[PDB]
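Contents: one structure, followed by commentary.
Protein chains get the first letters and strands the later ones, always in sequence-line order, with residue 1 at the start of each.
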Amino acid sequence: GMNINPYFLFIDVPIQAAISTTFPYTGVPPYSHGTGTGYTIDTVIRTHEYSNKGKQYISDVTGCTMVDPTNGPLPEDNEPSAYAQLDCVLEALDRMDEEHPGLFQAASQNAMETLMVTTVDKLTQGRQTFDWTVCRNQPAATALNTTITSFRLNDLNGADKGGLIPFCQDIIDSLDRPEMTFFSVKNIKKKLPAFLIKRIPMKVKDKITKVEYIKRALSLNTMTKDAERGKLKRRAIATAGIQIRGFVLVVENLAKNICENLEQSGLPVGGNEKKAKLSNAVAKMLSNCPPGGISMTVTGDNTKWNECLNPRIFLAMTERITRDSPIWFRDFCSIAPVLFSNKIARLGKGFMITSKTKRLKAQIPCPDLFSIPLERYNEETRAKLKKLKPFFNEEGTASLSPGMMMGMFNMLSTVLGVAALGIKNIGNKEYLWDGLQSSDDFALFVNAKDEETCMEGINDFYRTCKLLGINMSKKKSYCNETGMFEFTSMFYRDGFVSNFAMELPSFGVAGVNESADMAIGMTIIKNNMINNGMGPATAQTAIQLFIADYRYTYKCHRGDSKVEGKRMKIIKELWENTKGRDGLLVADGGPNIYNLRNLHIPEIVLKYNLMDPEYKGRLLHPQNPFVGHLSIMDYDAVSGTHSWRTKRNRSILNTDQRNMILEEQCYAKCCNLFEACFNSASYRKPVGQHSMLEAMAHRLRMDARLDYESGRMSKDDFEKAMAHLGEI
Amino acid sequence: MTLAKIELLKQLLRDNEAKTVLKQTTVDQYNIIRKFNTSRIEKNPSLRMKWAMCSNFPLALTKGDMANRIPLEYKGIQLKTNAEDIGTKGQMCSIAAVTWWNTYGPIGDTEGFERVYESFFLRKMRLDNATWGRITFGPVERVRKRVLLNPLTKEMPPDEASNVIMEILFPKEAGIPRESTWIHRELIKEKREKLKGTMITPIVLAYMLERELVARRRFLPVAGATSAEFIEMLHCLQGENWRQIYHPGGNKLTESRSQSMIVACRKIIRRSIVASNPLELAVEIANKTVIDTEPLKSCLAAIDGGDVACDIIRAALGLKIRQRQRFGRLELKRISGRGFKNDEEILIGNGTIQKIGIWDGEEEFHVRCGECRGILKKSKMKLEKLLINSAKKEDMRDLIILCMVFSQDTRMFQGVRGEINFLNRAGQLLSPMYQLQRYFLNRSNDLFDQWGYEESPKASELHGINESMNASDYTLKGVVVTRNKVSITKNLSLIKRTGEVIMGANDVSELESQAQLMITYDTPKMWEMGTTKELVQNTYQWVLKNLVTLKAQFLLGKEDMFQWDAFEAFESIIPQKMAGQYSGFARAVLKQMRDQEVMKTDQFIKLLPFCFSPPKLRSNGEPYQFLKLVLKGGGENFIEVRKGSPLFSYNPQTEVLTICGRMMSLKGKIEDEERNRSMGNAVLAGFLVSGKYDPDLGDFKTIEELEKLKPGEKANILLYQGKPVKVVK
Amino acid sequence: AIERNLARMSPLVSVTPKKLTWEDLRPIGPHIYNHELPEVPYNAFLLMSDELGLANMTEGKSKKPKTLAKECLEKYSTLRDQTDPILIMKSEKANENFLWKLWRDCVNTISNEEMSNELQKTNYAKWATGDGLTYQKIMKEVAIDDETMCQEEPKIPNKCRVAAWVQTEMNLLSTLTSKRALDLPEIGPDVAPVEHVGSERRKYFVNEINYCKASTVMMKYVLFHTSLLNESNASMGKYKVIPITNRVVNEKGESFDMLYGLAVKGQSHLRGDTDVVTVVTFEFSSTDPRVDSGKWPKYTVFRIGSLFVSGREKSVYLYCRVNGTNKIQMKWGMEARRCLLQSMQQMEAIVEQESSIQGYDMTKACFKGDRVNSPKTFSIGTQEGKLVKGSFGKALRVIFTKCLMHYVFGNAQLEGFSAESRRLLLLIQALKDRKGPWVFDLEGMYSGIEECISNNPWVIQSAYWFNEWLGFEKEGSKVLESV
RNA sequence: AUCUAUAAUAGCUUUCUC
RNA sequence: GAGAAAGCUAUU
RNA sequence: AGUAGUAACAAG
Ligand SMILES: *O[C@H]1[C@@H](O)[C@H](n2cnc3c(N)ncnc32)O[C@@H]1COP(=O)(O)OP(=O)(O)OP(=O)(O)OC[C@H]1O[C@@H](n2c[n+](C)c3c(=O)[nH]c(N)nc32)[C@H](O)[C@@H]1O
Ligand SMILES: [Mg+2]
Ligand SMILES: [Mg+2]
Ligand SMILES: [Mg+2]
């Protein structure tokens with residue numbers, strides 16, 4: 001019998017042209033289950049393993065055990081090395097400054113001016129952030145607000161000025177406070193007959209000491225990363241609190257300003273701009289190859305990028321880069337690597353111990369990890385805990401001075417990698433290297449007289465990176481003749497090929513509402529046509545597939561279909577009633593009229609002329625109750641009845657939140673009244689250092705004066721209004 | 001509703017928590033407390049939506065009179081929650097409720113939707129009133145450029161647009177009256193008078209206006225049509241292997257037509273100057289050239305402007321030339337003076353060195369900027385004179401700076417202090433002169449300070465003017481205020497009735513640019529006007545299609561198979577300096593292949609197009625030797641004589657020819673004995689393989705060390721990696 | 001400073017370059033050839049090539065799932081009325097009696113006149129779904145005092161060898177059938193010529209895909225996952241019978257409804273995205289499990305009757321299996337239609353390339369040929385150790401089946417294997433292009449690849465196929481060492 | 001010649017330990 | 001329990 | 001049981 005071998009496609013087609021078949025993205029992405037404490041402890045152990053030949057001491061600020069690999073002994077093998085040499089880093093930075101005059105000064109000036117014009121609310125632009133007040137994770141705005149309230153409680157008022165600099169000054173002054181009073185949350189627990197346990201939260205005033213607060217402010221909360229493709233094993237990511245996020249922004253901006261002006265940096269360019277930049281760089285490397293010579297490309301990734309990069313090296317880099325800046329800006333840029341050099345890792349949820357005979361299970365948290373004899377753990381967990389014990393703090397946290405926990409200095413690390421790329425030669429040998437760096441992934445282009453000198457250059461680059469604490473992965477890197485390589489999952493074979501599978505997960509129904517999902521899906525198809533090699537036939541098939549998935553997701557099959565459903569009865573009634581059936585939306589059982597040419601027109605606009613007047617009036621009703629109408633006098637919402645909102649009432653089981661809801665509703669009412677007074681606040685962020693009450697009072701007083709002088713209000717109600725305003 | 005708002009504030013200030021929030025939170029901290037949310041937003045919203053659509057009441061209803069019109073039940077389908085959760089809980093409904101509203105709900109006015117989404121209706125109008133041309137299958141070379149996404153009424157920077165929107169919709173809570181916002185004052189007024197009694201929510205109107213006034217520019221792959229009217233249809237415009245002719249609706253600006261006309265004229269000149277009798281070919285191509293939808297001749301006649309190539313095409317078509325140029329905000333018309341552009345390294349005030357093309361010679365231009373006029377005489381890297389007529393002050397200084405940066409003088413170059421970059425973020429070149437023009441519009445104070453002054457002239461109707469925007473005793477150097485048939489020859493040179501040449505074909509710029517509008521060459525040889533990669537691919541495909549007859553003609557004849565139309569198109573992308581040398585080298589290689597009967601089909605195909613230009617040998621008669629043959633544009637555009645190349649590669653294992661990323665099967669039109677046939681017989685001119693590597697001779701000889709070897713001398717030549725071969729002359 | 005530091009760094013710190021050769025490329029995962037390991041069992045959620053659909057000619061009305069199952073079982077009344085169990089094979093830790101009682105409960109609940117597909121909480125249903133099997137959670141202090149409570153050693157996916165059923169499934173799913181299962185909705189009318197070209201290509205592409213068994217399997221998975229998600233959300237604390245159904249269309253256009261089996265959903269109180277709901281599946285089949293017992297360790301098979309298609313009858317078996325799903329798997333099963341896109345884009349691009357070389361549309365030429373161009377052929381497999389070439393449509397169906405298998409057998413093992421083997425594939429391509437690839441640690445590459453080969457049938461079969469293809473590439477490059 | 005400038009929210013992709 | 005950065009999209 | 005895979009769910 002003839003047996004099918006799919007890999008035989010690669011006999012007829014080069015791999016790059018059919019690379020999409022090597023991305024199994026039509027399958028379910030891996031997910032993590034349960035705790036991430038094992039991966040976090042593994043990360044701590046590995047981070048300390050690459051620095052154990054450094055200098056070990058005890059911090060006199062927090063009492064944690066600190067390891068310093070910088071300026072340590074040079075490595076003697078090919079294992080990951082964290083022993084960066086300060087002089088070599090300085091020399092690479094000096095070469096970078098000599099190749100690009102005035103780059104560091106321009107970047108420092110831009111960063112300083114941006115920091116001057118930066119407001120506190122920038123800190124609200126993050127995802128889940130570690131909140132030190134409750135020692136939990138909370139959204140960035142909530143964490144920032146709790147921090148500001150606590151600082152108000154501790155006689156710190158730098159947030160009232162509105163700028164980032166006074167807030168950071170108040171942060172580092174809070175680090176000096178002998179005590180910290182704040183608002184924490186207590187959960188009242190009830191034995192509910194049904195028995196179950198009912199939790200009701202409430203805010204209370206809590207207090208911590210100086211060292212405890214310092215350890216909390218330096219703590220990173222670790223959790224597990226879900227839905228990551230390409231990895232067999234799961235891994236833990238980390239999040240920082242407000243105290244660190246306040247200072248990471250400026251260093252990130254400085255490094256971004258540097259990276260924008262480097263021809264070897266793959267950041268912060270992305271998408272088509274990144275493709276154009278990489279293509280131009282590759283063409284330049286091809287043109288500049290010496291006549292009669294050879295050129296090699298190394299597709300490389302750096303192993304243990306985050307666990308080997310040391311924040312002390314970043315402190316040195318910031319001091320070298322901001323050489324010609326004022327003292328205050330230099331201190332400000334030095335704060336962030338300093339805080340990272342004393343960072344403390346929260347180990348996670350703990351481990352669960354089970355009794356199979358009795359079918360019992362219990363969660364042992366990180367503070368109680370060593371209250372259990374180590375014989376009651378797995379072999380792997382037992383070994384990890386034994387290795388962890390020296391760095392373990394009796395609060396359930398570990399000391400993690402070495403390393404960068406997870407991707408906080410992508411730009412600055414890219415700068416370090418590009419500095420490694422800028423040496424270009426060692427000892428005046430007969431080769432020259434260049435290339436591209438994006439975070440840790442890199443492409444190295446080495447031009448020489450033959451293959452042996454090219455390999456000499458690659459060896460020298462490997463050793464030079466070793467000097468900087470950068471370890472090229474010999475397993476995941478390879479080298480060949482220039483003209484074909486890989487870089488950040490983009491495959492170059494005489495020009496970047498299209499990788500269609502990478503965008504496959506985006507082709508589903510987005511899940512905003514019926515109106516938004518249609519536009520998003522059509523726009524996705526259009527953009528994939530433009531810049532992913534998606535042909536017209538595949539695009540039309542994608543339209544069909546999107547319509548099928550849309551109808552099954554929103555239960556809006558065609559009006560003439562006999563599909564049963566609660567919505568389908570009314571849809572069939574609308575189909576029978578409606579005379580102009582071609583003007584009905586797909587969400588109301590109408591036909592799909594999208595094709596390639598009209599992929600950029602919204603559905604309602606596209607069907608507006610074919611629409612029945614009665615159906616058009618019902619659909620585009622300015623006062624339909626499915627769209628939130630802004631009010632303190634109702635305004636007209638122009639989007640149809642399909643722009644509804646699934647109000648996310650997150651009812652996490654067995655927990656009745658009655659006091660968090662109270663504070664949130666108080667904030668919501670105050671903000672809604674403020675918007676009512678200041679109608680522009682939702683379009684432009686209001687500015688001012690005065691209270692919201694006084695701003696609203698003056699706005700109301702002016703409005704009353706003006707609408708009394710224009711004859712919009714009588715004498716009596718104006719008297720009442722001025723009396724109420726004076727009563728405030 | 002001032003009284004209602006004051007009552008609301010009094011009611012709100014009855015709680016110790018609301019009072020504390022209002023008193024302690026500053027107006028800046030409103031942007032914090034409005035995002036306050038104790039709960040995390042649910043991740044994976046597509047899964048959440050698929051889960052919630054299977055629930056009973058996933059949708060939230062706003063309480064009001066319109067919600068009450070929805071019945072609690074309809075034919076045994078519950079549409080919303082019962083009266084238990086009217087208060088303190090929040091009412092919810094099913095999607096069947098939305099369908100019921102669309103079917104039996106109350107009917108309102110669909111006005112306000114038409115004005116808010118007017119941009120989309122204009123997009124639909126452009127799509128519907130559009131004409132589709134034919135579809136072509138063939139290589140398309142797309143470049144990634146930053147392009148405007150959608151056409152715009154008045155493109156404004158986002159800060160100015162934000163201020164204008166703030167003026168239109170929230171004049172009371174606006175702030176300091178920035179001067180730039182007054183520039184659009186009239187427009188502002190119009191919009192306000194159109195929104196006097198609109199009950200639509202202000203924020204939706206604000207984003208409607210922002211969509212109407214703010215440009216969205218993105219990096220996208222394009223090929224020959226970069227105007228926003230074509231960018232909105234980009235997905236249907238072309239792919240990597242096909243093109244679709246599209247004629248959008250609406251009205252097109254004259255700038256787009258002029259730019260497309262210039263690009264088309266330059267391409268026609270580049271194709272023509274390579275052919276025997278370039279005038280005849282240029283006229284033939286121009287007579288069948290369509291810009292968007294109109295013929296090239298009509299656009300040339302109607303538009304007063306262009307460049308050198310436009311004037312050459314105008315003369316060839318029999319029209320009158322208009323020696324008028326553009327410098328963005330400056331229109332210059334030449335009077336007398338011919339010069340050449342040479343690229344040299346020029347220092348700037350910041351200390352940086354930039355490769356700039358500066359024009360040499362003394363020339364004079366009548367210059368106009370808005371309502372300002374003057375004359376300008378310039379020399380090479382030295383401004384001579386600028387006479388100015390009376391005009392408005394800001395236009396006066398704009399024309400002054402435009403002319404003084406047009407002169408390309410050392411004072412202007414060294415008066416640059418700040419941050420100027422001539423490279424795109426994607427490492428693409430920005431024209432230095434235009435960048436300097438843009439910079440000096442907002443920072444001309446440093447330029448005028450660096451320029452200096454002198455005593456004013458004392459003529460009759462002449463007075464000096466200073467940067468003090470007033471009649472001053474002192475004036476800067478060079479500025480003086482004054483109150484009061486061409487026949488084109490065979491080689492596309494413009495000569496007067498006397499004999500002097502005004503402009504030639506060598507004067508056209510070497511730049512390759514994308515036209516704003518789609519250019520169509522209604523000729524069966526349209527592909528000859530494409531880019532370098534497309535031309536190479538089409539030429540090699542033609543060679544493959546006619547391979548049998550070409551091989552027969554070459555093995556029988558000697559010279560007539562070197563002259564073909566496809567090769568004539570191919571020669572237009574070989575830089576003219578090296579064309580003859582390449583032709584000599586390739587002809588010698590092919591002849592030595594034929595003479596010894598060693599015939600390699602891959603090498604014959606690769607080197608055949610280069611054997612078209614007249615040969616250019618050396619003094620001794622031996623042709624030049626090459627390792628790679630460079631083509632116009634881009635560092636990846638070259639043909640390797642021995643190895644593969646980004647444009648031409650050959651796999652003898654599969655007998656597969658990769659040309660510009662496309663695979664062509666050479667199997668069948670080939671003898672397998674050629675797999676056992678030595679490559680070194682067709683790598684050098686007059687050289688044949690002798691044997692293996694000989695340590696006696698030593699190193700592999702380079703080209704310069706090999707051209708000087710006398711006949712009968714052995715040498716080691718490395719064909720490709722790991723293939724050491726010894727060769728003999 | 002850098003020169004001085006490199007002058008004193010030990011020479012042992014090296015990149016150790018090695019020039020890659022064909023002789024240095026060894027087969028991946030040798031343990032998959034070790035016969036001391038069990039053959040990898042069948043772990044797919046539903047039957048794919050062993051499925052048996054009971055066909056009932058529908059009247060164009062989407063009546064209801066319960067009514068549809070009732071009509072299909074009424075047509076095959078002999079299978080429905082069989083009440084005694086004839087056990088053919090038994091899963092190791094399974095209860096045959098409880099499974100048969102559950103099957104009878106499903107049949108009776110779907111054959112009655114009531115409108116509810118809910119089952120009662122009987123002892124056999126409770127055993128099958130798994131009731132009260134969660135561990136009781138106690139306080140930390142009690143557990144710390146209790147020395148018996150220990151951290152559980154995690155289970156590791158065991159190592160398995162190549163099983164021929166994966167090759168047979170690949171052969172059968174890419175074969176043409178006579179039924180169409182795709183339900184692609186309507187598209188807007190064509191105006192631009194590019195849209196006409198797209199429609200002309202779609203004709204060929206979806207006509208070739210629509211008649212392969214993989215398409216029917218994909219539709220079965222999609223519709224069943226839709227039904228399962230809907231039932232899990234609507235019926236959290238009820239046991240529901242969910243028929244496994246499909247709607248197919250003959251070449252004559254007549255529509256049929258196919259009943260592939262029944263399913264029972266346990267309690268679905270899925271708070272998290274990884275929370276598991278138990279699904280007990282009873283699938284009809286005509287494959288005797290005794291032919292390849294190593295394929296079916298997870299299945300309890302009864303013989304429930306006989307069917308007639310021709311003069312020779314075929315036995316009808318009931319494969320019963322306790323299985324599980326979560327919300328993530330159900331959601332990604334609802335959107336398995338995208339296996340089409342990755343299949344056809346990859347193929348359409350190929351066609352487009354040919355068009356650029358010819359100057360006209362090459363879809364008909366690629367699929368069927370024309371006067372100018374011969375039909376396009378691809379190496380698709382091996383017959384008796386020799387390369388065999390199939391048509392363009394066969395290759396399209398093979399790629400579609402490969403994407404379908406990526407969905408069906410997708411987990412972390414497949415992802416890791418795909419990444420590492422992709423790196424190896426790029427190295428092999430560089431070897432084929434004569435780019436002279438150099439490696440730094442090839443043993444590390446192979447170890448990374450082989451870390452992911454444990455018990456995923458598709459990963460093990462992909463390793464086997466990769467080894468075969470690599471052998472063919474070496475044999476083909478043995479002639480390239482002469483130029 | 002798009003070079004400047006660019007509010008917030010949400011999604012998708014990529015990179016960031018095995 | 002689900003981070004950082006970049007690009008892109010939608011929305012207000 | 002099973003899903004699954006370095007740790008969970010198999011209701012709270
Ligand atoms: O888009 C490119 C080009 O097509 C467009 N362009 C050029 N000319 C016009 C006209 N006349 N109308 C509308 N659009 C036009 O602007 C871009 C210019 O690129 P390119 O043509 O490649 O520039 P080129 O290399 O040819 O000249 P450059 O020095 O950059 O300046 C372009 C513009 O400025 C004129 N110019 C400057 N100087 C100092 C000149 C001079 O001393 N003598 C003459 N004859 N011209 C001078 C160029 O000629 C062009 O007019
Ligand atoms: Mg890495
Ligand atoms: Mg890489
Ligand atoms: Mg990487």
Touch check for [X], heavy atoms < 4.0 angstrom, all strands: base, sugar-phosphate only, or nothing?
{"X": "A/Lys476", "value": "sugar-phosphate"}
{"X": "A/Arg136", "value": "nothing"}
{"X": "B/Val204", "value": "nothing"}
{"X": "A/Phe409", "value": "nothing"}
{"X": "A/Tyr25", "value": "sugar-phosphate"}
{"X": "A/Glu252", "value": "sugar-phosphate"}
{"X": "A/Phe340", "value": "nothing"}
{"X": "A/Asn378", "value": "nothing"}
{"X": "C/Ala94", "value": "nothing"}
{"X": "B/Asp159", "value": "sugar-phosphate"}
{"X": "B/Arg326", "value": "nothing"}
{"X": "C/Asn323", "value": "sugar-phosphate"}
{"X": "C/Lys137", "value": "nothing"}
{"X": "B/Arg425", "value": "sugar-phosphate"}

Could you please name the option among [options] that lies closest to any side-chain atom of [X]?
{"X": "C/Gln329", "options": "F/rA4, D/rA10, F/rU6", "value": "F/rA4"}
{"X": "B/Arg216", "options": "E/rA10, F/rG5, F/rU6", "value": "E/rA10"}
{"X": "C/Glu152", "options": "D/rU15, F/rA11, F/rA8", "value": "F/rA8"}
{"X": "B/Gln435", "options": "D/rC3, E/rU9, D/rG11", "value": "D/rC3"}
{"X": "C/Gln267", "options": "F/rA11, F/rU6, E/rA2", "value": "F/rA11"}
{"X": "B/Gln437", "options": "D/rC3, D/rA7, D/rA1", "value": "D/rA1"}
{"X": "A/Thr523", "options": "F/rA11, D/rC18, E/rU9", "value": "E/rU9"}

Any strand counts, and the cut-off is 3.5 Å on both contacts for Watson-Crick or G-U wobble. Which nucleotide pairs with [N]?
{"N": "E/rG7", "answer": "D/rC12"}
{"N": "D/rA1", "answer": "none"}
{"N": "E/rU12", "answer": "D/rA7"}

> For B/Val204 and A/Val638, what are the C-alpha separation, side-chain angles and deciding distance, and is it a side-chain contact (heavy atoms from CB on, under 4.5 Å)?
Replying inline: CA-CA 8 Å; B/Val204 171; A/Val638 294; 3.9 Å; yes
Is it the case that [N] (base atoms only) and [X] (side chain only) share a donor and an acceptor within less than 3.5 Å, ignoring hydrogens and angles?
{"X": "C/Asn158", "N": "F/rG5", "answer": "no"}
{"X": "A/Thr35", "N": "F/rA8", "answer": "no"}
{"X": "A/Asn272", "N": "E/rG7", "answer": "no"}
{"X": "A/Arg684", "N": "D/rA7", "answer": "no"}
{"X": "C/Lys298", "N": "F/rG2", "answer": "no"}

> Can you name the one residue among A/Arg46, A/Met404, A/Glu49 that meets side-chain contact (heavy atoms from CB on, under 4.5 Å) with A/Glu307?
Replying inline: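 Checked A/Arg46, A/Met404, A/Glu49 against A/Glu307; only one passes side-chain contact (heavy atoms from CB on, under 4.5 Å): A/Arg46.
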> Are the six-membered base rings of D/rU9 and D/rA10 within the stacking limits, centres under 5.5 Å and planes under 30°?
Replying inline: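 As far as the 5.5 Å and 30° test goes, D/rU9 stacks onto D/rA10.
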> Are the aromatic rings of A/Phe500 and A/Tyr25 close, with centres under 6.0 Å apart?
Replying inline: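 Distance test on ring centres: not under 6.0 Å, no.
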>> Ring centroids only, cut at 6.0 angstrom: are A/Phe409 and A/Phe340 within range, meaning strictly under it?
In response: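 That pair passes the under 6.0 Å test.
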>> I'd like to check, for C/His269, whether its ring lies over the base of F/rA11 with centroids under 5.5 Å apart and a plane angle smaller than 30°.
In response: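 C/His269 ring centre within cut-off of F/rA11 base, planes near parallel; stacks.
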> Is there aromatic stacking of B/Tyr207 against E/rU12, centre distance under 5.5 Å, plane angle under 30°?
Replying inline: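 Aromatic stack with E/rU12 present for B/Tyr207.
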Interatomic distance at [atom1], [N] relative to [M], whole Å:
{"N": "D/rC12", "M": "F/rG12", "atom1": "P", "value": "31 Å"}
{"N": "F/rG2", "M": "E/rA6", "atom1": "P", "value": "48 Å"}
{"N": "F/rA11", "M": "F/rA7", "atom1": "P", "value": "23 Å"}
{"N": "D/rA10", "M": "E/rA2", "atom1": "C1'", "value": "16 Å"}
{"N": "F/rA4", "M": "F/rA10", "atom1": "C1'", "value": "11 Å"}
{"N": "D/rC18", "M": "E/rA5", "atom1": "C1'", "value": "22 Å"}
{"N": "D/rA7", "M": "E/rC8", "atom1": "P", "value": "15 Å"}

> Closer to the 5' end of RNA chain E via nearest nucleotide, is it C/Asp273 or A/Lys256?
Replying inline: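 It is C/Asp273, whose closest nucleotide lies nearer the 5' terminus.
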> If you find the nucleotide of RNA chain E closest to A/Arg245 and the one closest to A/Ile652, which residue's nucleotide is nearer the 5' end?
Replying inline: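 The 5'-side residue here is A/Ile652.
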> Just wondering, more than 12 heavy atoms not from A/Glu380 lying within 6.0 Å of its CD?
Replying inline: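 No, the 6.0 Å shell around CD holds no more than 12 heavy atoms from other groups.
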>> Quick check on A/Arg199: does its CZ atom have over 12 non-hydrogen neighbours (other residues, nucleotides or ligands) under 6.0 Å away?
In response: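 Result for CZ/A/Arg199: open.
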>> Could you tell me how far apart A/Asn654 (CG) and F/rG12 (P) are, to the nearest whole angstrom?
In response: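 Result: 9 Å.
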>> For A/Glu273 and B/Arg218: C-alpha separation, side-chain torsions, deciding distance, then whether salt bridge (charged side-chain N to carboxylate O under 4.0 Å, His left out) applies.
In response: CA-CA 9 Å; A/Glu273 189 188 42; B/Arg218 302 287 180 262; over 6 Å; no
>> When you compare the side chain of A/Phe487 with that of A/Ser438, does any pair of heavy atoms fall below 4.5 Å?
In response: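 Of all side-chain heavy-atom pairs linking A/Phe487 with A/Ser438, at least one is under 4.5 Å.
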>> Quick check: do C/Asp275 and C/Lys327 have side-chain heavy atoms less than 4.5 Å from each other?
In response: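 A side-chain contact under 4.5 Å is absent here.
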>> Pairing defined as Watson-Crick or G-U wobble with both contacts under 3.5 Å. Yes or no for F/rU3 and F/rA8?
In response: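 The answer is yes: F/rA8 partners F/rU3.
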> What's the base orientation of D/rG11: syn (chi within 90° of 0) or anti?
Replying inline: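 The base of D/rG11 is oriented anti (glycosidic angle more than 90° from 0).
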